[PDB]
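Participant: Protein chains in written order, with this note's numbering: chain A, 1 to 235; chain B, 1001 to 1246; chain C, 2001 to 2201; chain D, 3001 to 3216; chain E, 4001 to 4198; chain F, 5001 to 5213; chain G, 6001 to 6232; chain H, 7001 to 7240; chain I, 8001 to 8234. What follows is a single structure, and I will ask about it in a moment.
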Amino acid sequence: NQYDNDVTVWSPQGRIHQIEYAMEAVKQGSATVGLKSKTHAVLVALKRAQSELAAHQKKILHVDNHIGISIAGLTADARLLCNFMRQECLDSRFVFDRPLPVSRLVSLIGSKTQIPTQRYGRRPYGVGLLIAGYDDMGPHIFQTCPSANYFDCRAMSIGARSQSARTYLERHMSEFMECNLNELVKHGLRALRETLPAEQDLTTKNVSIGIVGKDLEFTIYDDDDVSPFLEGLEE
Amino acid sequence: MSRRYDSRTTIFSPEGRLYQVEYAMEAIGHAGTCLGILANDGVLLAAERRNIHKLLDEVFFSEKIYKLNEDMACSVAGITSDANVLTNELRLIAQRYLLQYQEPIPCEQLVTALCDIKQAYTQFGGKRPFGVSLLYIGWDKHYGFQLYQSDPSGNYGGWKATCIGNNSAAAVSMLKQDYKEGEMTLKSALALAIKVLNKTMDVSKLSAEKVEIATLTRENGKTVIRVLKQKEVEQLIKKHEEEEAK
Amino acid sequence: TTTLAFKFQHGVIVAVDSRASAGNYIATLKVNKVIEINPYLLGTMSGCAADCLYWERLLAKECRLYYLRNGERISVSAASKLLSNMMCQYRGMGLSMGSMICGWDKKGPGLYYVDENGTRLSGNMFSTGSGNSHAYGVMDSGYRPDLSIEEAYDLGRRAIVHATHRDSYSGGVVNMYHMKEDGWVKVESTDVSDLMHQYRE
Amino acid sequence: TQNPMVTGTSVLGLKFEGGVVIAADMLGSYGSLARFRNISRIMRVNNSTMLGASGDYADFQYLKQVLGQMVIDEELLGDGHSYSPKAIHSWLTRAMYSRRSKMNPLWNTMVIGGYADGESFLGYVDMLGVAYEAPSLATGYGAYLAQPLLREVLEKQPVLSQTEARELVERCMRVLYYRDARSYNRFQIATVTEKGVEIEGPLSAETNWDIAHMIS
Amino acid sequence: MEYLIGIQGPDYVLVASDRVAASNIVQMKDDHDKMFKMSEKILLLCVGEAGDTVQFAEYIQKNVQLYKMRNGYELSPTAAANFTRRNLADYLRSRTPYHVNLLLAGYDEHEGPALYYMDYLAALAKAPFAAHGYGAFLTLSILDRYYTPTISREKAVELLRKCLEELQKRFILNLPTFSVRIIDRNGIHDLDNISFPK
Amino acid sequence: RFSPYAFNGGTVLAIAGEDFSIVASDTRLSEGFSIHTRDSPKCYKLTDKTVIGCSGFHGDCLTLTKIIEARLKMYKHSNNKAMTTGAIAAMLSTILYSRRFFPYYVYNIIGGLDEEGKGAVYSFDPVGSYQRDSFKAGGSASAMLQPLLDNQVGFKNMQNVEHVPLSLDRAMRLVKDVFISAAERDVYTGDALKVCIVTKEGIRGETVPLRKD
Amino acid sequence: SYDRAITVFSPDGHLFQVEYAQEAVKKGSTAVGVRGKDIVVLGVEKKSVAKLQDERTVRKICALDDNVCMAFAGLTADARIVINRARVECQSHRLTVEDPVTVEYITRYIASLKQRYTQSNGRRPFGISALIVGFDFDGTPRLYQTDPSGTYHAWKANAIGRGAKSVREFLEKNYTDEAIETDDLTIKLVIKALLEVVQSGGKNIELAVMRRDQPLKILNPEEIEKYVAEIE
Amino acid sequence: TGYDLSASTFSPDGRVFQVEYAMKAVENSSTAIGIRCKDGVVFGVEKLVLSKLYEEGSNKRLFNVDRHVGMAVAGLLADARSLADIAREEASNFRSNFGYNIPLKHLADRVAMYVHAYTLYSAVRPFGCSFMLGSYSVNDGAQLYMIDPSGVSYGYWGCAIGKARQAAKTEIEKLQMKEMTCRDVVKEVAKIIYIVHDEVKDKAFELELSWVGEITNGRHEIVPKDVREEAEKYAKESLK
Amino acid sequence: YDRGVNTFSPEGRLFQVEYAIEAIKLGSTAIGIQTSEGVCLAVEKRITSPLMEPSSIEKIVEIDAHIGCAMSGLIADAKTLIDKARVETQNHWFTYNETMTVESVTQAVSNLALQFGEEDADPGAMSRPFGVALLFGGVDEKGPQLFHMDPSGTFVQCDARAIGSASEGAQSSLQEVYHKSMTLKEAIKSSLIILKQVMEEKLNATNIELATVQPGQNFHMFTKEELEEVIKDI
C-alpha cells in the first residue's frame, strides 16, 4: 500500500504503480481509432455527450496542415501536449521550412512525457494519442501512452473498451492498403460501434473525423460533413 | 521532497491554534523568569539566571539581557540558541530605520518590525518558529517610556508591569495587587520587583548571583541603560530583608 | 501636426488636422490624429504616430478594466494619470508622444495634457504639435468662457485654418470634435484649402 | 564579426542539366596575404547536397561542425529522411539571421548546391539573412566578375550540359585568377549529380599572358 | 527654468513658487501649482525636468502619508528630509536617474519651523531661506539684504513682494503670477496670490 | 563595424476598389548597384482574401513573413477561423511594435477584402502605425506612384468632373502603366512585374514584362 | 524555497485549513458595528485588561485611511500583516487614481490577499475576520465584513468574534428605521448590543465613531460611562 | 518496512532495494545478446510482437548512438529512448569537443555515470533499462560493454541481458568465438537466439541483428536483407 | 496527508480534481439558458441574515460587453478567474482589435485549471485546483453562446446548465421546459419557475438577481424596479 502513492517508487516486482494508474486514465474515456492506406490516413473519434442537452467534447485537434491527433484522456491535460505539438510543427516550418516528419514529432512527445515519469512530485500525462500524418515516407499512425512509450502502428484503438475495436482491425488488415478515401473511413466507423453497446448508434453529432493524405491536408469534418460518410454504411 | 518526513509546522490544529507556537510557549515556560515594571521615572528588567556554577566565567555582559539600540534594550526568556538570531535581526532593523530617517527608532516601530519576522516563520516557509519571547524597554520622543512583551507568535502589547518565563503567572498576580498607576517610583519599583521574585524564586535567600536587575532611565536628553552590579543588587536585597521583620 | 483643445461653458472642443508626413515627402493625407477611447473620453495624437497610437490603446484597455472591475466610470483626472504612469517606466528609451485627454466627469469639463516624459497638466486651453504656436495666437484672439456654441466652432475652424496655412508639416482637413456631458460628437471634417478661400473672400 | 580573420574568396556555382557544379579556390587568405594555400572550402553534406562558403573560414568550420552533427544525428535514427538542400538552405538562413538579431553575426556567405528528386537546387544565403535561389551564383567579387559571364551564357543557352558546365566554370575560374586579387590558381571543382558528391582534385588553369608583348 | 523660494520666520515658514508650466517657446498652463503637500504642516516644492518632478514627488507624498497612518503620528520635517534624500540618492547610480530640485518646508511642535534645500544629486541642506532655478540668482541676493531672524509675517509677505517683483524686470522669462503659502502652528494657510497683470 | 540593415529596393502598390483589391510589386532583388536575382516576388499570400507585400530589407521581409504566417496558424488553431483583414493589420501593428527598440525595416502594405466585401488596404510603417486608405505605395518608387494615383483615382485638382468609382478594367491598366513609368525612371524597379488581384472569387496572379536594364 | 500544498481539499469537499482558520475567529475579542445616517459606530470588548496593560497599543480598531477605518476579531498577529498590506494599497491607489480610496476598493484588496494565501504553495490561511467601515464620496456610510476564506459582504449591523451569535440576536430585533435617527441612540445601540457579552462589566468596552468628513474618534472611558448611566 | 521506499535508504543488511527493484524490471524484459569476433561485434535481440496491429520495425530496440557505436537495450523502453538520446548527446559532445570518434570504453563510462546519478537521490528513480554497447575500430578491435541499472560496466566476449541469461550465457560458452569471422558469427547468433527462445507466455517476435566490424568499414548498420535472410534460414535448418 | 496533489487514484482520476467537484455541491444555484435571441442568467444570492445588504452580493459579473458570467461553489476562488478572464478579453481586443468570442475566453480560463502543482513550479503556481464552476454567456458573430467549466478544465458548449447546491433537481426539470426556439421572456419565466422552487427562502426582488444579453444590446442586469415587474408575472 506504500508503493502506490509516488511515481518514483518502484515495487518488489519492478512495476511503477502511478504510471500504471495513469494508464487507467486512458480507459476512462471515449474510444478512438485510426488506420492508414498507401495514401490516406484517417482518424475517427467518438465525441462523448455529458448529457443530451450539453454538447460534445472535441476529441480531434489540428496540429499542422499534414498532422492531426485524436485525444483520449484528460481533456484539459491533452491541450498541454497539443500546444507543445503545435509549437514543434511551427518551429519546423519556421526553421527548416519543411513539414515536420511525423516520426520526429512523436519522438519529441516521448521526450516530453518521459520527464514527469522520471522526477518526483510530478505526475505522468494521463492522455493517450493517435497521431495521423503524411510525409515523404508515407502516412503514419502513431500511438503514445502515459508511460511515454510510443509505437508505430498500422491501426490502433485506445480508450474505453478498445480491445474489441482492435480485434476488428486485425481481420481486415490486408484490405487497409488499397482502400480509397470513402472505404477507408468506413473501416474506422465500423470499429467505434463495436465499442459501444447496441443501445447507442452513430450520429452526425457525436462522431468527428479527420483525414490526411497525399494531395489532401488534414481537415476535420464536424457534423454535416460527417453525414455523407455515415450514409451508405449498414449497422 | 519526501513528504513522509515533513512534520507540517505551519498547519492549524483542529481547534485553530498553531502547535509549534503553543509548544514554543512551554519552552519559554521553563526558561529564565524575567519581569519589568514601569514607574514614573525609569523602567527596570529583573532577569533570573538558570546557569550558575563555580566554573562559569561570566565574561560578557548581563547574560540574557541585551542592548538593541542606544535608546532600547531587551531581555530574553526562551531558548538561548534562537535568541541570538533575533537580536542580530533587531540590531539590523533599528539601524535600517536610523539609516533612512536619521532618528532613533520608536519602541512601537521596532517591536512591530520584528513580529513581522516572527510571522513569516509561523505562517509559511515550513521552518520551525522561534522559541524566544522577549521583553522590551526604551524611550521615544512621543509616548515616553515603553514596556512591550512579544511572544513566539508575534503578539505584543504595552504593559505597566509584566513578567515572563517560569512562574510568570504567579508574578503578575502579585504585580496587579501592589502596582499603583502613576504612584510608582524607581526607588519604589526596585523594592517591588524584589518582593515579587523572592516569592517566585525556586531557590530561597535570593542570592545576588541569580537575579540581576537592569534599569533604563533618561537623563540630559540621553537614554541611560545600566545593569546594576552585584554590589548594589545585594544592597537592595538586604534593605528588603530588614523590612520583612523590622 | 497641429492639435488644440479648449473648454468653456458648454464644454470642450478639440480640433486637429489630418496630415502626417515623413521628411519632405508627405506620407499620407487624411490620417485621423484624434484617438477615441471611451464614449466620453477623447485622446489626441502628437509626435511619433505609432507610439501614441499604441499607448493610447493601453489606456483604452485600462479604462475598460477599471470600468469592469469597479463600475465607477473612470474620471478624466485618473485616466490622465494612467497614461502617464505607463510612459514613465520606459523613459529614456526614446518614446516620443504628446497627447491630450478631454472629457466630462462629475467634477466638470476636465481637460489634460499628458506628455512623453509624464508631464500632466490640467487647464482651460491647450495646443500641441509642430504648429501648436500658430494655434495659440488665434485662440487667444478674444476667446472667452462666455462664447456660445456657434461662436466657439468658428474659433476652432479659424485656429487650425490659420495654423496649417503657416506650417508646412501641418495640413489636410480639419477634424473638429465637440464635447458634451454625454459624450463627444464630431462637428465636421473640412478641407483647409476650401476654408482658406472662404476666409480670404 | 567586424574583421574576420582568414577570409575566403569568391565561390562559383551554376546548375546544368541533371546536376550542379561548385567551384571554389583552395586559398585561405589572412588580410592581403595568401597564407593557407591548401584548404577544402567545399564540404560534402550527406549524399545529395554540397556546401561551400566565403568570408570568414573560422565560421565555416563552425558550420562545418554543426551541419556535421545535424546530418549525422539524422542518419543515426535511420528514418529514411534526409535533409533536402532547401532545408539546409532554410536552416542556415535562420542561423545567419538569429546571430544577426543578437548583433553577433557570423560573417560569412554560403552557396548550397544539391540535386534531389531530379530537381537541381543551387542556393544562396548571406550574413544578414538575405537568402534566395538563382540559376547561377557567386560571392564576393565573383558576383561582379564571373556572374555576368554565367548570365551571358544562361540568357543564350538556359540549358547547359555537364561538359559545357565545367568548361564554362574553368573559364570563369580562369577570369577570377586574372581579375581577382585574393584568388589563386589551384581550385577544386566539386560536381554533385545523382551518382553522389564527387570532389575532383586540385586543378589549375592554362593562362595566356602573351598580351604582355602587345603592351610593350 | 522654473522658480522656487522659501523663507523661515521664527513662528512660520513662508514659501512661494511660480505658477508657469512651459514647453518649447509657449506657456501651456499659467495656473500650474507646484506646491505639493506632504502632510498637514509639511509642504514640498519640486522643480526640474518636467516629468521627473511630479513622478518623484508623488512617491514621497505617499510614503509620508503612509507613515502617519502606520504609527498614528506624522513624520517630523527633519525625518521627511532625510527620507527624500536617500530615495533620490539611490536613483542616481541606477538606470533611472531623477533630475529634481526640492524644498521641504515644515513646522514642528518642538523643533519649530524648518526649511530644507536639495539638488538633483541628493545633497540635503537646512537653510533659513533657499531658492531654485535661474531666478535663484536674481533673488537670494535680495533675501540676503532684508532677511532677519525676528522678521514678522507682515514684513515677510512685504519682503517676498520685493523679491518676486524683480523677476519681472531683469529675469527674462515671463513668470506673471506667483503662488504664496504660509505655515504656522495652525497648519498651512494660503495667502493672496501675487499677480502682475501684464 | 557591422551594419545590420541594407536597402534591397523593391516597390509595392495597392489599390482598393469597390469589389477588388490589387497588390503588385516588381521582382528585382538588388543590394548596392548589383542585381542578385531578377525574380524575387515581394507579394506574399497570407489567407485566400489577404495578400501582404514587404518592401525593405529582404532578410526582414523573409523573417516577418514567417512570423505572420506562424501567428495566422496560432489564431486559426485558437479561434478556429482565419484572421480578418482588419485583424491582420491590428496584429502586425503589435508585431512590428514589439521590435520598437530594434525595429524591422520594412514597409508592409496589406490588401484584400473586408467583411463587407469591399477593398481594404492597410499601409504600415516600420514602427507599426496603420491607417486605411484607397491606394498606397511603398519602397523606392513610392514617391513616383502616389501623385499619379491622386489624379486618376482621386480626381483631385480638376473642377467639375464626375466621380466614378474605379473599375477593375481601368485598374489593371493603371497599375501596369505606373510601373512602366516607374521602372524607367527608377533603378530599383524593373526586370519583371507581378500583379496579385484579390477579388471575392480568388487571387489571380498576372506577370508583366518590364525594362531589363 | 519550500513549495508544498498546505491547504488541500477533503473527501467532504471542505478545506480544513480555511475552516480551522475560522475557528481562530470563533474565539476572538467581540467586535460589533452599526450604520446610522451620517454617523457610523464601531465597538469591541476586551476581557484581557488587568489594569496593568497599556490600552493604547492593544487597540483593535484601526484606520486604513482618512475615509476608512476597520476592526478585526481573531489572531492579532495576523492582523498587523493584512492591515499593513491594506495601508500600502490605499496610498498606491491615490498614486494611481488621484481620487481617494473607495470603501469597496480596499475591501476587495483585503479579500484578494486572503485568497492568494489559500491557494499558494506552502502558506497558511489568515485567522482574522476584518470588519471594514468608511464613507464613500457623497457621504454614505458603508460597513463590510471579510472572512478568512476571502469572502467579503456588506452589513447594516454586524458582529464578529466570540459571542457574535448572541449579539446578532439582539441586533436583528432592535435595529429599525425609527432607531439610528440621532448620533447618541446609534451609540446607545452598540452599548446595548454588547450587553449580551457583558460579564457584569463594560468599563472595558471600547468605541469609535465616524461622522461625515471628520476623522475617526475614539471615546474615552468617561464619555462611554455617561452613555452607560442611562439604562432604565 | 519503509527501508525500500526510496533510493536514499540502506537496508539493515546494506542493500539498496530501489536499485535492486529496477534490476527486476530488466529480468522481465525480453532477452537480447551480443558477441565479439575477430572481425567485429554482432548484436541480436528478441523483439516481441504484442499485436499484429504493430508495424514491422516498431519499438526498435537497436539504437545507433554514433556512426561507429551500436546499442541494444533490455528493459522498459520508455527509459531506453531517453538513454539513447542522452548517449547521442555524449557522442556529439565528444565530436564537438575532441573532434573524432568517441572510443567505446569512454562512451560506456559517461553513460554509466548518468545511470548512476539516479540511484543516489530520493527525488528520482533508478532506470529500469539494461543495455550493452558494442563497437569496432581498426586501431581498437571488437569491444562490447554492458551497462545495468546500477551503472556497472563490464567487457564481454558474449553476454545475455533480460529474461533469459544463464540459459543463453551457457550456450555461448560452448562455441569459440575468438578466431571466427563475423560472416560466420551472424549465422551463430541467430542460432543461439532460437535455441534460447521458447514459446510459452509470449507468442511471436522479430529477429533483429547488427553489423559493426571489418565488413562495414566501422559504420554500425543493421544486417542487410539478403544476409539477414541468409543467416535466419541457417538457424532454422540447424534448429533440428 | 500521504497523497500528493498530482497523485492518480487507482481509478485513473486525480484526487484533488475529484474532490474539487465535491465542493461545487455546496455552492449556490446558478441557472444559465441559451436562446437564438440571447442568453439569460439567474442565480440565488443566499442571504444569511436580515442585517446583510443584498446589493453588495453580485454573483453575475460582466466579463466583457458581449460576454456575461455566473459562478457557484467557492466565491473566493471565482475572483481569480474573473479577473483573469477580463484581462484575456481585453488582451484580444487590444491585439487583434476585435471582441474575443466566448469560445476563446473559456480556453483562456480552462488552461489555468490544471496549472496546479507542487514541485517544478513558480511562486505563482497553485497548490490546489479551483473550487468554482463558471458559466459564460455571451453573443458573438456565431450567435448567443453558453458554456460550462468545471475544475477539471473541461469547457463544454451547452444550451443550458444548472450548477450549485442542487444541479440534479434543476437539471431534471430544466431539460424538459427548454424547447428549441423559446425566446428570452419565456426563458426568464421558466428560469425563475425552476429557480423559485429549488431555493429555500421565498422569491423577492432583492433575494435573487437576473442578467441577460442580446446581439444588438450590451450585457444588461435587471434592476430592482425591473425585477418587481418580472416577479409579478411568475
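For every residue, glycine included, the Cβ atom is placed at its ideal position computed from N, Cα and C.
#1: Can you give me the C-alpha to C-alpha distance between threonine 1200 of chain B and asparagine 1167 of chain B, rounded to a whole angstrom?
#2: Count the other C-beta atoms from every protein chain shown that fall within 10 angstroms of the C-beta of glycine 4106 of chain E, then say buried if there are 16 or more, exposed otherwise.
#3: Cβ of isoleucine 2037 of chain C within 8 Å of Cβ of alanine 2060 of chain C?
#4: Does the region 109-129 of chain A come within contact of the region 145-164 of chain A, defined as at least 3 CB pairs closer than 8 Å?
#5: At what residue ranges does the region 1125-1190 of chain B contain a whole run of the beta strand (DSSP E), taking only runs of 3 or more?
#6: Report the rounded CA-to-CA distance for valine 3071 of chain D versus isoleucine 5022 of chain F, giving the unit in angstroms.
#7: Name the residue from F:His5058, F:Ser5003, F:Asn5008, F:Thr5199 whose alpha carbon lies nearest to the alpha carbon of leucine 5113 of chain F.
#8: With a threshold of 8 Å between beta-carbons, can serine 1007 of chain B be considered close to chain H, or not?
#9: For a minimum of 3 consecutive residues, which ranges assigned as the beta strand (DSSP E) are wholly contained in the region 4116-4176 of chain E?
#10: Determine the direct distance from the alpha carbon of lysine 5118 of chain F to that of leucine 2147 of chain C, and round the result to whole angstroms.
#11: Does any residue of chain G have a CB that is nearer than 8 Å to the CB of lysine 8079 of chain I?
#12: Does the Cβ-Cβ distance between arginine 8086 of chain I and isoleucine 8057 of chain I come in under 8 Å?
#13: Step through the CB atoms of chain B and report whether any lies within less than 8 Å of the CB of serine 7006 of chain H.
#14: Using a threshold of 8 Å, state whether the C-beta atoms of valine 2016 of chain C and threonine 2003 of chain C are closer than that.
#15: If the criterion is Cβ atoms closer than 8 Å, does the pair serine 3120 of chain D and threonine 3009 of chain D meet it?
#16: Would you verify that the beta carbon of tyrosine 3178 of chain D is, or is not, closer than 8 Å to some beta carbon of chain F?
#17: Nearest to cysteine 6090 of chain G by alpha carbon, out of E:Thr4084, E:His4110, E:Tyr4067, E:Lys4041?
#18: Look at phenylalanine 1012 of chain B and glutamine 6119 of chain G and say whether their C-beta atoms are less than 8 Å apart.
#19: Could you give the first and the last residue of the continuous alpha helix (DSSP H) run that contains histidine 1030 of chain B?
#20: Where does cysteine 1074 of chain B fall in DSSP's three states?
#21: For the region 4048-4076 of chain E, which residues have a CB atom closer than 7 Å to at least one CB atom of chain G, in sequence order?
#22: Please state the DSSP three-state secondary structure of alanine 45 of chain A.
#23: Using a C-beta to C-beta distance shorter than 8 Å, which residues of chain H count as neighbours of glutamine 114 of chain A?
#24: Could you tell me which of G:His6014, G:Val6025, G:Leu6064 sits nearest to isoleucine 6160 of chain G, measuring between CA atoms?
Facilitator: According to the structure shown:
#1: The straight-line gap from Cα to Cα measures roughly 6 Å.
#2: By the Cβ-count criterion, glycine 4106 of chain E is buried, with 16 or more other Cβ atoms from all chains shown falling within 10 Å of its own Cβ.
#3: In contact: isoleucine 2037 of chain C and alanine 2060 of chain C (Cβ atoms closer than 8 Å).
#4: Touching, yes.
#5: Within the region 1125-1190 of chain B, the complete beta strand (DSSP E) runs of at least 3 residues are 1132-1140, 1144-1149, 1161-1164.
#6: Taking the straight line from one Cα to the other gives about 44 Å.
#7: Minimum Cα distance to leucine 5113 of chain F is reached at F:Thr5199.
#8: No - not a single Cβ of chain H is within 8 Å of the one on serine 1007 of chain B.
#9: Segments of the beta strand (DSSP E) lying fully in the region 4116-4176 of chain E: 4124-4126, 4129-4132.
#10: Taken atom to atom, the span from the alpha-carbon of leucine 2147 of chain C to that of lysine 5118 of chain F is near 44 Å.
#11: Yes, contact with chain G.
#12: Taking 8 Å as the Cβ cut-off, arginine 8086 of chain I and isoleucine 8057 of chain I do not qualify as a contacting pair.
#13: Interface criterion met: the Cβ of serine 7006 of chain H is under 8 Å from a Cβ in chain B.
#14: Judged by beta-carbon spacing, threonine 2003 of chain C lies within the 8 Å limit of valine 2016 of chain C, meaning their Cβ atoms are closer than that value.
#15: Taking 8 Å as the cut-off, the Cβ atoms of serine 3120 of chain D and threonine 3009 of chain D do not count as close.
#16: False, the Cβ-Cβ gap to chain F never drops below 8 Å.
#17: Of E:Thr4084, E:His4110, E:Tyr4067, E:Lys4041, the residue nearest in Cα terms is E:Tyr4067.
#18: If you check the CB distance, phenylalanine 1012 of chain B and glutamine 6119 of chain G do not come in under 8 Å.
#19: Taken as a continuous stretch (DSSP letters only), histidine 1030 of chain B belongs to no alpha helix (DSSP H), as it is neither H nor E.
#20: Note: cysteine 1074 of chain B maps to strand in three-state DSSP.
#21: Within the region 4048-4076 of chain E, the residues whose Cβ lies closer than 7 Å to any Cβ of chain G are, in chain order, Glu4058, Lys4062, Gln4065, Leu4066, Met4069, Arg4070.
#22: Note: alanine 45 of chain A maps to strand in three-state DSSP.
#23: In chain order: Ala7078, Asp7079, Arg7081, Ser7082.
#24: Here the closest residue by C-alpha is G:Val6025.
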